[PDB]
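Reading through the structure tokens given below for one structure.
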Amino acid sequence: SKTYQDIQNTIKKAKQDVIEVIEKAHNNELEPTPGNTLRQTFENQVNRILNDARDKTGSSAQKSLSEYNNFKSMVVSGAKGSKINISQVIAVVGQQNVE
Amino acid sequence: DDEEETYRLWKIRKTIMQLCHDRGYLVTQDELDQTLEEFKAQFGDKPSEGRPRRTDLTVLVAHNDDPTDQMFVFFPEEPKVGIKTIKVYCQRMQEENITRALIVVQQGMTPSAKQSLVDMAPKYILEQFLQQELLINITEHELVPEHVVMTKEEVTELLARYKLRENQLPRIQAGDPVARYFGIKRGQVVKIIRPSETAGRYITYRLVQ
Amino acid sequence: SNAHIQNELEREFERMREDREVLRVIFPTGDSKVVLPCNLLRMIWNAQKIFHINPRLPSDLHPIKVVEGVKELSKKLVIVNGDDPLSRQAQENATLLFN
Amino acid sequence: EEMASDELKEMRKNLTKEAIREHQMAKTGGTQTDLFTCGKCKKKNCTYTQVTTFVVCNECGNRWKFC
Amino acid sequence: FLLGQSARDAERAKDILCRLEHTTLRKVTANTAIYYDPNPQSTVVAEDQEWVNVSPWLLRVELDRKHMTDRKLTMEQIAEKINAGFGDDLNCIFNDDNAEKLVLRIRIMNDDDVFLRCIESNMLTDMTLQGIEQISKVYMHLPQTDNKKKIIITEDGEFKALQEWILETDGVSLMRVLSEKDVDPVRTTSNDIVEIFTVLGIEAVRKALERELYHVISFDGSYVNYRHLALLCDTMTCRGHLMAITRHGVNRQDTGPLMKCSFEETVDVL
Amino acid sequence: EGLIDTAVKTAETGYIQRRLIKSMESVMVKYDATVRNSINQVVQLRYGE
Amino acid sequence: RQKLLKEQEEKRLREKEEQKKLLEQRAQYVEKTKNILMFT
Amino acid sequence: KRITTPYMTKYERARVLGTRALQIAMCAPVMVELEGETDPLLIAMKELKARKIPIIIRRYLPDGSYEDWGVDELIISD
Amino acid sequence: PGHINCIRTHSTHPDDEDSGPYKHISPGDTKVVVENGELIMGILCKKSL
């Protein structure tokens, strides 16, 4: 019940950051990153922000589990699963990229 | 260009000297790794209608053990070398007992010239090298291993050891840049030495055909 | 007292330095992880655990014994059979990294 | 270029610097830390990435992963 | 891989990158307008550049400044190239490097209306002001892993990997790249199989194929014994030429008619 | 997207494997401790060097 | 110590061999520059 | 002047065991005392362990020559 | 079976443990150590089985 608060805070922070990035791009402040155009660097920054938010949420979820949890036991044993699965189930799924 | 042309000529000369040293012809340690400053001080550093003009920087070098065997390194000025130039070169070479040589052509020679080159093969061996291919020495590249041209005695010894017919050995065409660099012809095996990660060193053989 | 042992050990160290130079010129970028047939560390550990070496007491194993044993094992392990000079050269080249 | 005015020279220098910077490539992202010892260089500087945690050497550049 | 001091500082590497990158008029030109100016001194447009220097038509090919500075060019070499490429048939009156507009003036001296259109088109499409063909654009990225960092044995003994600038092109030339100065002619591979066979040699092709295969097979974290990779590489480089694994490379070998029909082309080989 | 990727992989990898197997189906290590093929052409003086 | 000294003098012998090779190569260069001259 | 390996490869061992088992199944004399078993394959394995199989292997070389090795001559792997 | 000897690391093995103290005595029961075919330390996982 506290991990939910942390996850919501992180998601809101990520949303605010991406909105600020969009505003900067609209008002012509985000300079093009070397080797990429303006749209390319904008998309790269957005994706990096989203991935950082997802990783933070997953780490917060993982650190909030109990030794008696079964997902964590099966992941640490490596029999079937992974940390990303727990992150998607509890914290947040993530970006649905295509191509 | 002036400076760039001089740099290209110097690099070509260094590559030719390294090639001759690799084949076995005795060469100075000085000219083998001479810098460009002495090259300027020697010729004149004015290739654009000046002293360092082609056909004058040619070098004749004799073999290590066979001082009677030499080879010229010409530099025809004609961008598209014809047949008259090679004809006069061969005619002037006929005075000496020399047989081998090396032609440095600006651009790719006309097909009519290759026929004449191969025609005089049994009597006067001569090959060609585009200047674009002489600006770099491939044998020093990381991918290219260390080649060693073998003698007939050891080739026969090898064939007899494994009881394997020379036809069964790997093949390597004469068009291979390494093959032309070492001057190997048909019916001749070349030793290869590659750094083996699973066995330290591994030596294989390849017959030219 | 014996100087022959000292000379033999010096020769062994010189050969070790030569092998190190060969490895450096053959394995660039310093990659220690290599694949070889016999895991010598595991064998040594098994010998220690069987014979009860107890690595605290002074052991009874002269260096000359080790040198001669290694030289003989370097001879016994053959890949290119034959006393021919080419055969010996190939045997040395093949069984080089393992030695 | 040398005969150009001060303002023109400054503008040319700024354009050249901007072009040089833009020609570069963005460095690979990651969480840099000194808790992992790289086996290819013996240094501690490196960067990790969780996805299995990929290890990227900072100085030596040893690439590995931990499960 | 840069060889000279440029490997360390990016200032002396940008020029190398530019000279290895294909630049044409289209990349540096911004506007191109043809005018039928009768008298050269009349100058229908307001430009005080022709009277100082001194056919009833000309081309005003004004160039961009930002791109020209990015590639670090000068109008002198541009004029020299545009005059030598088309013989002593035109007269390009370049402009000084002090004015704001980078205007030019191309005139022809000795059906004639479309000649200027044709020449401007065929020069704008391809002129090779500074660079080589094939190579479209070049990147400039630092090595983050040991697979591209420079390694030198230090006097103390430790390898001490060094971080040096390296380029990443988008084409295949190799031959014309290695000849360029400030370029290590020992570590600059090509990432292509057929190209190396016409530059280095068959053994180099074998090594390059081995390295590429190991790279593409070890990218997902998997591991394959090197023996299998070596065996595949040797089999593809046994007859000197790069025999293709397809029906067009294995059926050419003198294996036997009963073995060729099994893979493919049954009735043809029979 | 994932399902389509799996379907195309399941169709392409089979052909890739078939071509790889039909090019080295006769290679073997003879009793002369050397790797050759059906034409007795030596490919490696020692298996895996 | 004596073995070190004899190794050093053997290196000196190899240095003298390098000297003789250099002098021989110069003595043939004096003759070969004549051909390089008459060629043009 | 035999140069082939002095060890028995797995292929040869398997083929020899199978052939000896087939021969035993066809009412052939054994080369070891039977402790009370009947499976011909087990008898063949026991004979191989006892090094009494009357078979000699002819390893053909790539050149064309061959070498005759006896089961009781070379070392067995398993 | 037998007298096996091998060393393996557990999935949840903190990297900052070998350098500091408690190397041969791990609070988290990691650093698998087998001697004479007897499990001594560590928790078995896919890394060891």
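In the order they appear, the protein sequences are chains A, B, C, D, E, F, G, H and I.
Residue numbers for the first sequence follow PDB author numbering, so the first one is 696 and each next one is one higher.
Residue numbers for the second sequence follow PDB author numbering, so the first one is 2 and each next one is one higher.
Residue numbers for the third sequence follow PDB author numbering, so the first one is 944 and each next one is one higher.
Sequence positions in the fourth sequence follow PDB author numbering and run 226 to 276, 286 to 301.
Sequence positions in the fifth sequence follow PDB author numbering and run 1142 to 1195, 1208 to 1263, 1280 to 1439.
Residue numbers for the sixth sequence follow PDB author numbering, so the first one is 845 and each next one is one higher.
Residue numbers for the seventh sequence follow PDB author numbering, so the first one is 853 and each next one is one higher.
Residue numbers for the eighth sequence follow PDB author numbering, so the first one is 50 and each next one is one higher.
Residue numbers for the ninth sequence follow PDB author numbering, so the first one is 597 and each next one is one higher.
For each residue, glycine too, the CB sits at the ideal point set by N, CA and C.
Item to check | residue 106 of chain H, enclosing beta strand (DSSP E) - first and last residue | outcome: Translated into the one-based positions of the eighth sequence, residue 106 of chain H becomes position 57. Start and end: 105-109.
Item to check | Sheet register partners of residue 73 of chain B (DSSP bridge) | outcome: Position 72 of the second sequence, counting from 1, holds the residue named residue 73 of chain B. B:102, per the DSSP bridge assignment.
Checklist entry - Do we get a CB-CB distance below 8 Å when we pair residue 110 of chain H with the residues of chain F? => result On the eighth sequence, position 61 is the one that residue 110 of chain H refers to. Answer yes: the Cβ-Cβ gap between residue 110 of chain H and chain F drops below 8 Å somewhere.
Item to check | Residues near residue 41 of chain B by beta carbon distance below 8 Å, same chain, minus five either side | outcome: The sequence position of residue 41 of chain B within the second sequence is 40, counting from 1. Taken in chain order, the residues that qualify are 7.
Next on the checklist: According to DSSP, simplified to helix, strand and coil, what is residue 181 of chain B?
Outcome noted: By one-based count along the second sequence, residue 181 of chain B stands at place 180. Helix.
Checklist entry - By Cβ distance below 7 Å, which residues in the same chain neighbour residue 150 of chain B in space, the five residues on each side in sequence not counted? => result As a first step, residue 150 of chain B must be located in the second sequence, where it is residue number 149. Excluding positions up to five away in sequence, the list reads 183, 185 and 191.
Item to check | Residues of its chain near residue 1393 of chain E, where Cβ-Cβ distance is below 6 Å and the 5 sequence neighbours each way are ignored | outcome: The residue you call residue 1393 of chain E lines up with position 224 of the fifth sequence. The answer, listed in chain order, is 1386.
Next on the checklist: For residue 90 of chain H and residue 66 of chain H, which I take to be in contact (beta-carbon distance under 8 Å), what is that distance rounded to the nearest angstrom?
Outcome noted: Locating residue 90 of chain H in the eighth sequence gives position 41, counting from the first residue. Locating residue 66 of chain H in the eighth sequence gives position 17, counting from the first residue. Yes, they are in contact, since the Cβ atoms of residue 90 of chain H and residue 66 of chain H sit about 7 Å apart, within 8 Å.
Item to check | Buried versus exposed call for residue 633 of chain I [16 or more other C-beta atoms within 10 Å across all chains shown] | outcome: Counting from one through the ninth sequence, the residue named residue 633 of chain I turns up at place 37. Flag for residue 633 of chain I reads exposed.
Item to check | Within-8 Å CB hit, residue 1386 of chain E to chain C | outcome: Here residue 1386 of chain E refers to the residue found at position 217 when the fifth sequence is read from its first residue. False, the Cβ-Cβ gap to chain C never drops below 8 Å.
Next on the checklist: Cβ closer than 8 Å: which chain A residues qualify as neighbours of residue 642 of chain I?
Outcome noted: The residue labelled residue 642 of chain I in the question sits at position 46 within the ninth sequence. Under the 8 Å cutoff, chain A gives 772, 773 and 774.
Checklist entry - residue 99 of chain H: which of H:72, H:124, H:109 and H:75 sits nearest, CA to CA? => result Here residue 99 of chain H is taken as the residue at index 50 of the eighth sequence, counted from 1. Residue 99 of chain H has its Cα closest to that of H:124, out of H:72, H:124, H:109 and H:75.
Next on the checklist: Please report the distance separating the alpha-carbon of residue 1042 of chain C from that of residue 874 of chain G.
Outcome noted: Walking along the third sequence from the start, residue 1042 of chain C turns up at place 99. Walking along the seventh sequence from the start, residue 874 of chain G turns up at place 22. C-alpha separation (whole angstroms): 41 Å.
Item to check | Per DSSP, cross-strand counterpart(s) of residue 257 of chain D | outcome: The sequence position of residue 257 of chain D within the fourth sequence is 32, counting from 1. Beta-bridge pairing links residue 257 of chain D to D:272.
Next on the checklist: Going by DSSP, what residue range makes up the beta strand (DSSP E) through residue 298 of chain D?
Outcome noted: Residue 298 of chain D sits at position 64 when you count from the first residue of the fourth sequence. 297-300 is the span of the beta strand (DSSP E), which, as asked, contains residue 298 of chain D.
Checklist entry - Is it true that the region 758-775 of chain A meets the region 709-727 of chain A, where meeting means three or more beta-carbon pairs spaced less than 8 Å apart? => result no
Next on the checklist: If you reduce the DSSP assignment to three classes, tell me which class residue 1210 of chain E lands in.
Outcome noted: Residue numbering aside, residue 1210 of chain E sits at position 57 when the fifth sequence is read from its first letter. In this structure, residue 1210 of chain E counts as coil in the three-state DSSP scheme.
Checklist entry - Taking three-plus beta-carbon pairs below 8 Å as touching, is the region 972-979 of chain C in contact with the region 1316-1331 of chain E? => result yes
Checklist entry - Cβ of residue 164 of chain B less than 8 Å from any chain H Cβ? => result On the second sequence, position 163 is the one that residue 164 of chain B refers to. Yes - at least one Cβ of chain H is within 8 Å of the one on residue 164 of chain B.
Next on the checklist: To the nearest angstrom, how far is the alpha carbon of residue 1361 of chain E from that of residue 249 of chain D?
Outcome noted: Your numbering for residue 1361 of chain E matches position 192 in the fifth sequence. Your numbering for residue 249 of chain D matches position 24 in the fourth sequence. Cα-Cα distance, rounded: 24 Å.
Checklist entry - Listed in chain order, which residues of the region 628-639 of chain I have Cβ atoms closer than 8 Å to some Cβ of chain C? => result 631 and 632
Next on the checklist: Give me the chain C residues within the contact set of residue 255 of chain D, using Cβ-Cβ distance strictly less than 8 Å, ordered along the chain.
Outcome noted: Position 30 of the fourth sequence, counted from the start, is the residue given in the question as residue 255 of chain D. In chain order: nothing, as chain C lies at least about 21 Å away.
Item to check | Proximal chain E residues relative to residue 972 of chain C, where beta-carbon distance stays under 9 Å | outcome: Residue 972 of chain C sits at position 29 when you count from the first residue of the third sequence. Those within 9 Å of residue 972 of chain C in chain E are 1315, 1316, 1318, 1320, 1328 and 1330.
Next on the checklist: With distance defined between alpha-carbon atoms, name the residue in E:1258, E:1247, E:1439 and E:1407 nearest to residue 867 of chain F.
Outcome noted: The residue labelled residue 867 of chain F in the question sits at position 23 within the sixth sequence. Nearest option by C-alpha distance: E:1407.
Next on the checklist: Once DSSP output is grouped into helix, strand and coil, what is the label at residue 608 of chain I?
Outcome noted: Here residue 608 of chain I is taken as the residue at index 12 of the ninth sequence, counted from 1. Here residue 608 of chain I sits in coil by DSSP.
Item to check | Reference residue 1288 of chain E; option with closest CA among E:1403, E:1238, E:1306 and E:1303 | outcome: Here the question's residue 1288 of chain E lines up with position 119 in the fifth sequence. Selected option, being the one with the closest Cα: E:1238.
Next on the checklist: Using a Cβ-Cβ distance cut-off of 8 Å, determine whether residue 1022 of chain C contacts chain F.
Outcome noted: Position 79 of the third sequence holds residue 1022 of chain C. By this cut-off, residue 1022 of chain C is an interface position.
Next on the checklist: Taking only three categories from DSSP, how would you classify residue 1203 of chain E?
Outcome noted: Since chain E is numbered 1195 and then 1208, with no step between, residue 1203 of chain E has no place in the structure shown.
Next on the checklist: If I measure Cβ to Cβ from residue 9 of chain B and keep anything under 8 Å in the same chain, skipping five residues before and after, which residues do I get?
Outcome noted: Position 8 of the second sequence, counted from the start, is the residue given in the question as residue 9 of chain B. Taken in chain order, the residues that qualify are 132 and 136.
Checklist entry - Using 8 Å as the limit for Cβ to Cβ distance, is residue 251 of chain D near chain A? => result The residue labelled residue 251 of chain D in the question sits at position 26 within the fourth sequence. True, the Cβ-Cβ gap to chain A drops below 8 Å.
Item to check | Element boundaries [alpha helix (DSSP H), containing residue 858 of chain F] | outcome: In the sixth sequence, residue 858 of chain F corresponds to position 14, counting from 1. First-last of the alpha helix (DSSP H) with residue 858 of chain F: 846-865.
Checklist entry - Assuming residue 21 of chain B and residue 82 of chain B make a contact with CB atoms under 8 Å, what is their CB distance in whole Å? => result Walking along the second sequence from the start, residue 21 of chain B turns up at place 20. Walking along the second sequence from the start, residue 82 of chain B turns up at place 81. 22 Å between Cβ atoms; not a contact.
Next on the checklist: How far does the beta strand (DSSP E) with residue 946 of chain C in it extend, from its first residue to its last?
Outcome noted: For the purposes of this step, residue 946 of chain C is taken as residue 3 along the third sequence, with counting starting at 1. Element bounds for residue 946 of chain C: not the beta strand (DSSP E) but the alpha helix (DSSP H), 946-969.
Next on the checklist: Let me check understanding here. Comparing Cα to Cα, which of E:1170, E:1148, E:1378 and E:1177 lies closest to residue 1285 of chain E?
Outcome noted: Taking the fifth sequence and counting its residues from 1, one reaches residue 1285 of chain E at position 116. Nearest C-alpha to residue 1285 of chain E: E:1177.
Item to check | Residues that residue 119 of chain H bridges to, as DSSP identifies them | outcome: The residue labelled residue 119 of chain H in the question sits at position 70 within the eighth sequence. According to DSSP, which records beta bridges pairwise, residue 119 of chain H is partnered with H:105.
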